[PDB]
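Working notes, beginning with the structure itself.
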Amino acid sequence: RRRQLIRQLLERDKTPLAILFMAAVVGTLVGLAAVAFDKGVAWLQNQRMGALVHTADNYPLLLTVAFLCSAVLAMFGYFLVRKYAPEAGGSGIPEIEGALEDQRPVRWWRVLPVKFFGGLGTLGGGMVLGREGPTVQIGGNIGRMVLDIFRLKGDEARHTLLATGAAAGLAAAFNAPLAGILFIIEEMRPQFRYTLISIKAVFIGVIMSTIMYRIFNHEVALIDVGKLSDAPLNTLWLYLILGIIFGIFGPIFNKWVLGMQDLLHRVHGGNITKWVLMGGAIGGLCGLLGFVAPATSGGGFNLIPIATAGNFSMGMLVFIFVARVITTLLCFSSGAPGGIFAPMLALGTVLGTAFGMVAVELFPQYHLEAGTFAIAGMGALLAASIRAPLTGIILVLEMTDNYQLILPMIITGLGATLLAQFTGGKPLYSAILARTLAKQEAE
Amino acid sequence: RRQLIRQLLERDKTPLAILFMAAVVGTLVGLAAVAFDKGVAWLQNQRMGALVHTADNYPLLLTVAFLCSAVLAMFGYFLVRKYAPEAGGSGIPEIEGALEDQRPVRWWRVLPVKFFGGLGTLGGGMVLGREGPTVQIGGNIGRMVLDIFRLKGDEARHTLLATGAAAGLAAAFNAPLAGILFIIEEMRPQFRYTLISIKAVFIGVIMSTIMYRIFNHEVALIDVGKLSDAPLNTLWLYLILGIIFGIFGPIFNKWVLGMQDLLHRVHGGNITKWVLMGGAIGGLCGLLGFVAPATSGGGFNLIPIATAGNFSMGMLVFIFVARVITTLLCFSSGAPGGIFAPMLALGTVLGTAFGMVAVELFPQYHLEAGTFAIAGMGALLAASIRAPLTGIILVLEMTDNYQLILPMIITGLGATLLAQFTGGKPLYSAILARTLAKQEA
């Protein structure tokens with residue numbers, strides 16, 4: 001096979017011009033789509049805010065229209081999914097992951113409006129879910145859409161355009177282009193065999209998508225954390241210890257989301273009415289908690305700078321962590337459309353800060369800043385539960401811009417993945433696609 | 001399908017034996033990289049002090065400059081030709097071949113040959129990079145412990161050989177991310193499936209970097225400061241720059257390939273004609289490394305100076321031309337040493353050139369030429385080696401100007417696109433092919 005290789009080597013990186021151009025098209029659309037979605041969620045959270053002021057005196061009445069507004073919006077989200085596109089519930093990343101293995105269908109004519117408006121409700125209602133869930137699955141379907149429209153033929157085009165769509169979706173959700181491309185080549189793409197996903201083309205989509213986001217969302221970062229302090233060599237062992245903590249909690253959190261999928265499935269049994277009602281109950285709880293304790297509900301991007309800056313007490317940190325574990329599980333294991341990335345960044349930050357605080361008092365000779373352990377533990381739950389550390393690290397790096405902490409971020413993130421494996425944990429996205437694939441045969 | 005459902009549930013369960021050994025490989029590749037780095041620095045230092053010993057007789061001083069680097073070069077070419085011919089040139093294509101199981105990893109030979117052979121060419125101040133030695137060494141270090149502990153399996157052989165190459169790039173630039181990204185974008189078997197545990201490559205890259213940090217902290221290879229931001233209406237200039245790199249990339253690619261040929265006629269394959277030609281080239285660098293140091297050496301020294309715009313346009317053009325010459329002469333001669341570093345310097349200079357023109361044509365954009373230098377810095381890496389995602393993350397890790405990520409990506413991709421469309425080829429893959437085809441003919 002030496003003679004095949006010599007031929008192959010000389011023919012390396014010559015992606016078909018038709019694929020490159022369409023990748024630029026997919027990226028732009030996924031970009032505009034993600035911006036539109038982001039503008040929609042913001043508007044709804046804003047109306048709900050304005051409604052609570054309309055009745056800002058009668059506290060029991062105000063606690064109600066908080067609930068109902070998010071309850072109604074939640075129900076509308078669960079319903080759009082159950083009735084028109086059941087595959088558009090939950091994260092959406094496992095579904096696009098399956099579509100790359102050619103084992104799941106990309107029904108773009110249905111999921112595009114279902115996910116966009118269904119997620120618009122769950123997110124707009126202030127449930128503990130992330131934007132990447134919608135944007136990635138939408139992005140993947142946008143990729144499939146132009147494939148069918150322009151009738152491009154081949155596995156390369158199908159696999160590529162479906163990949164650049166998912167990548168341009170994650171990148172436009174975080175303003176993180178590198179994390180988007182890195183997600184495709186570490187987690188998304190077919191993991192157990194070869195594939196023809198042109199990386200150069202995945203880039204072009206991610207660029208155009210990011211450029212679209214930059215045109216409509218510039219000047220205001222999702223997470224501003226400032227330039228933190230550096231990390232001395234003799235302080236590194238503290239980050240490994242932190243990673244080991246995430247490493248044994250990761251798999252545990254993984255079981256809970258899986259098990260809570262089951263327990264919540266008994267409440268409705270599969271019935272479209274019991275489910276939608278259960279959704280509004282959960283959704284209504286979040287919009288309520290999003291007024292009496294806003295750190296326990298919502299995406300989580302708001303309490304990240306606050307936690308890093310050490311403006312929370314240890315009592316508040318413990319409270320927020322427990323309360324968010326609950327509302328994260330309740331929201332993601334319910335089947336509502338929405339990703340789990342963003343609330344796992346928040347969970348990781350809080351826990352990291354908690355470790356950072358104890359680290360500060362036990363070791364004043366290290367001159368520690370608890371905000372360094374928050375950034376280190378920020379993409380750690382992504383590492384111990386999702387088991388894609390290289391993506392989670394570059395994601396955090398792209399959002400916090402604290403490169404002088406790259407070693408603690410890596411050391412913690414890897415201690416997470418090591419202990420997640422060694423304690424019998426499984427990739428949450430892959431352990432879901434298997435649960436979905438195996439039930440498609442169980443029945 | 002039921003196979004997939006089985007595979008999914010068994011995803012990321014890298015054997016603990018492979019993980020532990022990866023930590024060992026990285027540590028060794030780390031220390032080895034550190035020691036190599038300390039060696040090269042020492043020799044460049046001695047030559048410096050010897051020029052002071054005779055800092056009056058200008059003709060005499062121009063000589064002991066030549067000779068010191070000339071002799072050191074000769075010792076380098078000889079160590080390669082006599083004991084490990086595969087340890088000449090970059091060394092990256094060689095490890096790349098090893099991953100395809102199409103080249104042998106003779107670690108018992110290459111380790112001392114490359115370490116000391118590179119110690120001469122680099123220490124002589126030739127236009128070569130540290131990653132050549134460190135990556136190839138790192139791969140063989142990885143192969144070494146595989147053999148020593150007698151680990152069995154393709155996974156172990158493929159992984160340990162990869163973590164070693166990654167941990168060698170990482171310990172050469174203090175760039176852990178670019179190290180891991182290099183394996184999964186360029187190094188690993190590109191046309192079929194493989195069993196390279198990414199988690200294990202990480203562990204090696206960490207421990208290697210940690211070793212580098214223990215002996216080289218507080219002083220960055222490239223300090224450039226925090227540059228200005230890049231407005232949205234300024235992005236088209238970066239695509240234009242990438243287009244320029246995109247057409248020069250393939251051209252430079254032909255020249256390095258062609259100069260390999262022409263320099264092979266001078267010695268014909270003879271070990272003596274070669275080594276003597278080596279000291280001629282190597283002696284030129286140590287000479288040029290005194291009368292115009294910007295035209296010789298790795299290049300990391302003129303990078304901050306160029307970005308800060310402390311060069312004139314006249315000097316910039318000179319430096320670019322004079323470095324195209326001394327880069328080809330050094331890498332196409334077969335001397336041990338990587339071509340990454342001198343391509344970063346080539347990309348920086350061309351970028352600053354484009355930046356300066358941009359500044360005067362567009363005062364309404366309020367431009368800083370140092371932004372185009374950082375954009376163009378990993379552009380030659382993109383248009384010639386054709387690994388843009390690694391080149392971008394490499395520059396990012398070394399310059400720490402993340403607020404320029406869009407220009408860096410737009411330029412880097414405008415390089416790879418035009419490199420393809422103008423019939424260019426991956427220089428590292430266009431070499432492994434040249435080497436594999438002379439093997440079956």
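Order determines the names: the first chain of the structure tokens is A, the second B, and so forth; residues in each chain are numbered 1 upward, and ligands are numbered 1 upward as they are shown.
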* **Interface list for chain A, partner chain B, 6 Å threshold, only C-alpha atoms, as a list in words** => residues 6, 9, 193, 194, 430 and 434 of chain A
How would the residues just chosen look if you wrote them out with C-alpha atoms as a tab-separated table (two decimals), in the first residue's frame?
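Saved to result-v7.tsv:
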chain	number	residue	atom	x	y	z
A	6	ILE	CA	2.32	8.09	-2.65
A	9	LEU	CA	-0.22	12.07	-0.36
A	193	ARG	CA	-14.09	4.86	11.24
A	194	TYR	CA	-12.69	7.06	8.48
A	430	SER	CA	-22.44	9.21	23.06
A	434	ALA	CA	-26.65	4.78	22.07
* **Residues near range 406-416 of chain A, cut-off 9 Å, only C-alpha atoms, skip fewer than 3 positions along chain, as a PyMOL selection string** => (chain A and resi 231+235-250+372-373+375-385+387+389-390+392-393+396-397+402-403+419-421) or (chain B and resi 176-177+199+202-203+206+209-210)
* Would you list the contacts of residue 37 in chain A as a PyMOL selection string, taking every protein, DNA or RNA residue within 10 Å and counting only C-alpha atoms, but skipping same-chain residues closer than 2 positions in sequence? => chain A and resi 31-35+39-43+115-117+119-120+123-124+131+134-135+173
Residue 216 in chain B: which residues within 12 Å, counting only C-alpha atoms, same-chain residues fewer than 3 positions away excluded, as an mmCIF file with N, CA, C and O atoms, in the first residue's frame?
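File written: selection10.cif
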data_model
loop_
_atom_site.group_PDB
_atom_site.id
_atom_site.type_symbol
_atom_site.label_atom_id
_atom_site.label_comp_id
_atom_site.auth_asym_id
_atom_site.auth_seq_id
_atom_site.Cartn_x
_atom_site.Cartn_y
_atom_site.Cartn_z
ATOM 1 N N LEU A 233 4.546 27.457 39.258
ATOM 2 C CA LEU A 233 4.722 26.025 39.052
ATOM 3 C C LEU A 233 4.340 25.183 40.266
ATOM 4 O O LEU A 233 3.836 24.074 40.119
ATOM 5 N N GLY B 30 10.295 16.007 27.039
ATOM 6 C CA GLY B 30 10.429 17.306 27.669
ATOM 7 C C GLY B 30 11.876 17.617 28.005
ATOM 8 O O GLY B 30 12.451 18.558 27.456
ATOM 9 N N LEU B 31 12.463 16.816 28.892
ATOM 10 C CA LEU B 31 13.855 16.974 29.297
ATOM 11 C C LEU B 31 14.808 16.986 28.108
ATOM 12 O O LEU B 31 15.781 17.737 28.095
ATOM 13 N N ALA B 33 14.110 17.925 25.083
ATOM 14 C CA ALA B 33 13.904 19.175 24.372
ATOM 15 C C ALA B 33 14.583 20.317 25.099
ATOM 16 O O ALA B 33 15.165 21.203 24.477
ATOM 17 N N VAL B 34 14.498 20.291 26.424
ATOM 18 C CA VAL B 34 15.127 21.307 27.249
ATOM 19 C C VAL B 34 16.635 21.276 27.062
ATOM 20 O O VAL B 34 17.260 22.306 26.825
ATOM 21 N N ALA B 35 17.201 20.077 27.155
ATOM 22 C CA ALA B 35 18.636 19.868 27.023
ATOM 23 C C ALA B 35 19.149 20.279 25.651
ATOM 24 O O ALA B 35 20.217 20.875 25.537
ATOM 25 N N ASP B 37 17.747 22.534 23.824
ATOM 26 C CA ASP B 37 17.587 23.983 23.784
ATOM 27 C C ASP B 37 18.741 24.672 24.500
ATOM 28 O O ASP B 37 19.249 25.698 24.041
ATOM 29 N N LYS B 38 19.147 24.100 25.627
ATOM 30 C CA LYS B 38 20.256 24.631 26.404
ATOM 31 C C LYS B 38 21.577 24.469 25.659
ATOM 32 O O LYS B 38 22.455 25.327 25.747
ATOM 33 N N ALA B 171 7.204 21.248 23.477
ATOM 34 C CA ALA B 171 8.366 21.657 24.256
ATOM 35 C C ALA B 171 9.337 22.497 23.437
ATOM 36 O O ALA B 171 10.384 22.905 23.930
ATOM 37 N N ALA B 172 8.980 22.770 22.190
ATOM 38 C CA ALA B 172 9.843 23.552 21.321
ATOM 39 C C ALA B 172 9.369 24.990 21.208
ATOM 40 O O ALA B 172 10.119 25.867 20.786
ATOM 41 N N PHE B 173 8.122 25.226 21.594
ATOM 42 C CA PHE B 173 7.499 26.525 21.408
ATOM 43 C C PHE B 173 6.744 26.978 22.648
ATOM 44 O O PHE B 173 6.201 28.078 22.674
ATOM 45 N N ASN B 174 6.719 26.127 23.670
ATOM 46 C CA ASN B 174 5.856 26.320 24.831
ATOM 47 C C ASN B 174 4.412 26.449 24.369
ATOM 48 O O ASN B 174 3.630 27.242 24.895
ATOM 49 N N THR B 209 5.548 19.873 28.484
ATOM 50 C CA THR B 209 5.481 21.316 28.657
ATOM 51 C C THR B 209 5.910 21.715 30.064
ATOM 52 O O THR B 209 6.706 22.634 30.240
ATOM 53 N N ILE B 210 5.385 21.002 31.053
ATOM 54 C CA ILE B 210 5.785 21.168 32.441
ATOM 55 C C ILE B 210 7.304 21.128 32.600
ATOM 56 O O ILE B 210 7.872 21.964 33.296
ATOM 57 N N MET B 211 7.961 20.172 31.946
ATOM 58 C CA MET B 211 9.421 20.101 31.982
ATOM 59 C C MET B 211 10.030 21.362 31.404
ATOM 60 O O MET B 211 10.984 21.898 31.945
ATOM 61 N N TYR B 212 9.481 21.827 30.289
ATOM 62 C CA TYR B 212 9.965 23.052 29.667
ATOM 63 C C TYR B 212 9.785 24.240 30.601
ATOM 64 O O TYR B 212 10.625 25.137 30.642
ATOM 65 N N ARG B 213 8.683 24.248 31.340
ATOM 66 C CA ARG B 213 8.367 25.361 32.227
ATOM 67 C C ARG B 213 9.296 25.401 33.436
ATOM 68 O O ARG B 213 9.563 26.460 33.998
ATOM 69 N N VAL B 219 10.609 33.815 30.738
ATOM 70 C CA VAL B 219 11.098 34.409 29.499
ATOM 71 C C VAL B 219 10.441 33.775 28.281
ATOM 72 O O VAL B 219 10.710 32.621 27.952
ATOM 73 N N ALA B 220 9.580 34.535 27.616
ATOM 74 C CA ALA B 220 8.854 34.038 26.454
ATOM 75 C C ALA B 220 9.711 34.115 25.199
ATOM 76 O O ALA B 220 10.555 34.999 25.073
ATOM 77 N N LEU B 221 9.490 33.190 24.271
ATOM 78 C CA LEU B 221 10.259 33.159 23.037
ATOM 79 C C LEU B 221 9.935 34.380 22.202
ATOM 80 O O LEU B 221 10.826 35.026 21.652
#
* Asked: Can you list, as a PyMOL selection string, every protein, DNA or RNA residue that comes within 7 Å of residue 183 in chain B when you count only C-alpha atoms, leaving out same-chain residues fewer than 5 positions away?
  -> chain B and resi 162+166+188
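Counting only C-alpha atoms and comparing A:323, A:166, A:351, A:128, the residue that lies closest to residue 181 in chain A is A:166.
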* Structure fact -> Of A:334, A:55, A:209, A:160, the one sitting nearest residue 78 in chain A when using only C-alpha atoms is A:334
* Shell of 8 Å around range 256-258 of chain B, only C-alpha atoms, local chain residues under 3 positions omitted, as a ChimeraX atom specification -> /B:252-253,261-262,328,331-332,431
* What separation in Å, quoted to one decimal, exists between CA of residue 111 in chain B and CA of residue 132 in chain B? -> 12.5 Å
* **Neighbour list for residue 348 in chain B as JSON, numbers by chain, cut-off 7 Å, only C-alpha atoms, skip fewer than 3 positions in-chain** => {"B": [303, 344, 345, 351, 352, 373, 374, 376, 377]}
Restrict the selected residues to N, CA and C atoms and save them as a JSON list (two decimals), in the first residue's frame.
[["chain", "number", "residue", "atom", "x", "y", "z"],
["B", 303, "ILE", "N", 11.24, 38.93, 14.87],
["B", 303, "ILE", "CA", 9.78, 38.94, 14.93],
["B", 303, "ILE", "C", 9.20, 40.08, 15.77],
["B", 344, "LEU", "N", 7.88, 31.21, 10.13],
["B", 344, "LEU", "CA", 7.19, 32.18, 10.97],
["B", 344, "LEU", "C", 7.81, 33.55, 10.76],
["B", 345, "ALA", "N", 9.14, 33.58, 10.72],
["B", 345, "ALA", "CA", 9.85, 34.83, 10.50],
["B", 345, "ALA", "C", 9.62, 35.36, 9.09],
["B", 351, "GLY", "N", 4.08, 40.03, 6.32],
["B", 351, "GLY", "CA", 2.89, 40.63, 6.90],
["B", 351, "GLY", "C", 3.07, 42.10, 7.21],
["B", 352, "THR", "N", 4.17, 42.42, 7.88],
["B", 352, "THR", "CA", 4.51, 43.79, 8.21],
["B", 352, "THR", "C", 4.63, 44.63, 6.95],
["B", 373, "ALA", "N", 1.24, 41.56, 10.59],
["B", 373, "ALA", "CA", 2.40, 40.71, 10.81],
["B", 373, "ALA", "C", 1.97, 39.46, 11.56],
["B", 374, "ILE", "N", 1.13, 39.64, 12.57],
["B", 374, "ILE", "CA", 0.63, 38.51, 13.36],
["B", 374, "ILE", "C", -0.33, 37.67, 12.54],
["B", 376, "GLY", "N", -0.08, 37.43, 9.24],
["B", 376, "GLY", "CA", 0.73, 36.78, 8.23],
["B", 376, "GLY", "C", 1.80, 35.88, 8.79],
["B", 377, "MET", "N", 1.89, 35.83, 10.11],
["B", 377, "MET", "CA", 2.97, 35.09, 10.77],
["B", 377, "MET", "C", 2.85, 33.58, 10.57]]
* **Point-to-point distance in Å for CA of residue 358 in chain A and CA of residue 345 in chain A** =>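 Going from CA of residue 345 in chain A over to CA of residue 358 in chain A covers 20.2 Å.
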* Give me, please, the distance in Å between CA of residue 302 in chain A and CA of residue 227 in chain A, quoted to one decimal. =>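 Here the two named atoms are 17.9 Å from each other.
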* Of the candidates A:438, A:433, A:74, A:152, which shows the shortest atom-to-atom distance to residue 91 in chain A, using only C-alpha atoms? ->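 Distance minimum relative to residue 91 in chain A lands on A:433.
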* Point out the residue among A:90, A:292, A:197, A:95 with the least atom-to-atom distance to residue 62 in chain A, counting only C-alpha atoms. =>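 For residue 62 in chain A, the nearest of the candidates is A:292.
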* Asked: Looking only at the backbone, which of the residues in range 110-301 of chain B does DSSP tag as alpha helix (DSSP H), as a ChimeraX atom specification?
  -> /B:110-123,131-148,154-173,176-182,198-216,236-267,271-291
